[PDB]
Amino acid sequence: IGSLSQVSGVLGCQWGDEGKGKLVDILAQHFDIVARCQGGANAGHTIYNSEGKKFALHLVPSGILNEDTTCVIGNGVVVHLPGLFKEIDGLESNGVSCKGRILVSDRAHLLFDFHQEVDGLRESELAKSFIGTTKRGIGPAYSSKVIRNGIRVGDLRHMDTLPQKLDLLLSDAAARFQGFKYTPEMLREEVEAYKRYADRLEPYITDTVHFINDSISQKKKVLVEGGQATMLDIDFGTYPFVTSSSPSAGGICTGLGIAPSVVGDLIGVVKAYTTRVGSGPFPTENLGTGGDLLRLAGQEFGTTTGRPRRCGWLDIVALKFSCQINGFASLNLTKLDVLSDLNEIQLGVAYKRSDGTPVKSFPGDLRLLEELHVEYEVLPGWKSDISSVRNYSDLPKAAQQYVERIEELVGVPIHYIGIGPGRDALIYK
């Protein structure tokens, strides 16, 4: 743990809910800075302190629980101020003092209220391939960024031109969707509202790129927190069933201003099995007993909705893919304890076409991904409670073998084994 590189990172290997939050929180004990690089409020990093208090971070980096840690919100992120403050409010009321510990990049883009209303207006137009995003507005935010008419955090320091920028964004949104209720009164609404936010955010705004780099040359330890998993990447994911950001290792560079040569060891958080929140390709998805079971044992339900999340077996093909894309040094096999009630465990060892020809690497073509079939391997499951095991060799032999099997197949070793939602529930290897 203390042998990690000066600039380490934590990324997701599957489809989003691996359990990075827990890891970052545990790792932040030996890191000066914890910085998020991509995504937005769409997250939901759940952590439990030393006592057992349930903290569900969204924008604020998971390392916010460590008092001697400076949290940085990078440039690749899309901050929604109303929500950011609300998160800070309820964070300080629960103990953690966020004063001068949350550095918000001035190059990061502002996700506005209209961005959220606009995202949803497009959902009622989608066919059977609708996204799972409940009007969050991540797409529209990055849309504006790329178009180059979006507003950034540093733009809040020029309240004179802010209403001018606002008009355009709102004009674009009104011209597009007829359902968008746009009035000259609503323009003045967010202008006054964001003015208060601008005054409030002021102390927070800082040059992230400069800070990170300066800190790095100052020998300060930096732990980058992966927004989501790579299979949700805008490029390497299961397009179009992905997020608009870059959960990949590249997003650390583009989202923080760090050179590739500066990025150190990356730990890929892999769940003992797999899950997927929205719709789309899922090769190892189980729609029966084992599926309903993994969901209950892992409590794989929406936190805000309670909607059942798709469950399946650890996809080895999809995992080797994420391993090469990010070049992970180590892996964090989470939710191992979920497999404690399994008689026999399965692994998605290979892909093969309808016709029989083996599939090379994880394909980008959604169709081929929904046509092919998986070749499983069955490992003997241990049937004993393990949420109390602290050492490695104390683990049931069947469990050890499962871990060791994933390593043999993937090539990347596992140094972290999660066996419970607890902060202390982690087996080092």
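Each residue number is its position in the shown sequence, starting from 1.
- Stretches 229-237 and 127-135 differ in mean CA B factor, with 127-135 having the higher one.
- In this entry, the higher average B-factor at the C-alpha atoms falls on 186-194, of the pair 186-194 and 147-155.
- By the numbers in the PDB entry, the CA B factor is greatest at 52 among 396, 52, 381, 363.
- For the set 98, 338, 201, 333, the PDB entry puts the maximum C-alpha B factor at 98.
- Ranked by C-alpha B-factor against the other modelled residues of its chain, residue 261 falls in the lowest third.
- When the modelled residues of the chain are ordered by C-alpha B-factor, residue 404 sits in the middle third.
- The deposited CA B-factor of residue 178 belongs to the highest third of values across its chain.
- The entry lists a Cα temperature factor for residue 425 that places it in the middle third of the chain's modelled residues.
- Remark: residue 355 belongs to the highest third of its chain, ranked by C-alpha B-factor as recorded.
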